[PDB]
């Protein structure tokens, strides 16, 4: 590791990404969650597993990355899933990382489109899969708030 630098450039391992986004999107590929961290100006599939407790053990105030988790919210008509791109961002990382990590989201989204929405969390207390579900349970309301200044 020990590979990191500041640059106005960024890419995504679509190839490696798609794989991770699938290992969870699939019926039962032995995976329900997946994280996507950077390996040097390029987003790449970080951790992966079926134990949600294993994912939260990766997100800390000294790291930031996305986390695609599957959530079964199909009990009405279909049994399909909506998932959610959990964007983690250490509450200690430099403002930039937080101001950037969010922008690079457009890259990770390229692969994750079937999901529901990206959940930008900064405190583990919110990473609680329990809190995430509630969000999908309603999957209503959007920010759409910004300024051109």
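Residue 1 is the first one shown; counting continues down the chain.
Structure determined by solution NMR.
Using N, Cα and C of the backbone, Cβ positions are placed for all residues, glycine too.
Feature annotation from the PDB entry assigns cloning artifact to 1-7. Tertiary proximity for the cloning artifact (1-7) is limited to same-chain residues at least six positions away from its ends with a CB under 8 Å from its CB atoms, namely 38-41, 96.
When Cβ atoms from all protein chains are considered, those within 10 Å of residue 9 (N-acetylalanine) total 7, not counting its own. Look at Swiss-Prot and you will find 9 tagged as N-acetylalanine, backed by similarity to another entry.
According to Swiss-Prot, the feature domain 'ADF-H' maps to 9-137, an assignment based on sequence analysis.
The region 'Flexible and important for F-actin binding' annotation in Swiss-Prot covers 73-82, and the record cites similarity to another entry as its basis. Summarised by DSSP class, the composition of the region 'Flexible and important for F-actin binding' (73-82) is 0 helix, 1 strand, 9 coil.
Residues or ranges marked as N6-acetyllysine by Swiss-Prot on the basis of similarity to another entry: 109. The Cβ of residue 109 (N6-acetyllysine) has 15 neighbouring Cβ atoms from other residues within 10 Å, across all protein chains displayed.
Secondary structure at residue 148 (phosphoserine), as computed by DSSP, is coil. According to Swiss-Prot, the feature phosphoserine maps to 148.
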Between residue 9 (N-acetylalanine) and residue 109 (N6-acetyllysine), the C-alpha gap once rounded to whole angstrom: 17
DSSP-derived class (H/G/I helix, E/B strand, else coil) of residue 109 (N6-acetyllysine): helix
Distance [Cα-Cα, Å, rounded] between residue 109 (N6-acetyllysine) and residue 148 (phosphoserine): 23
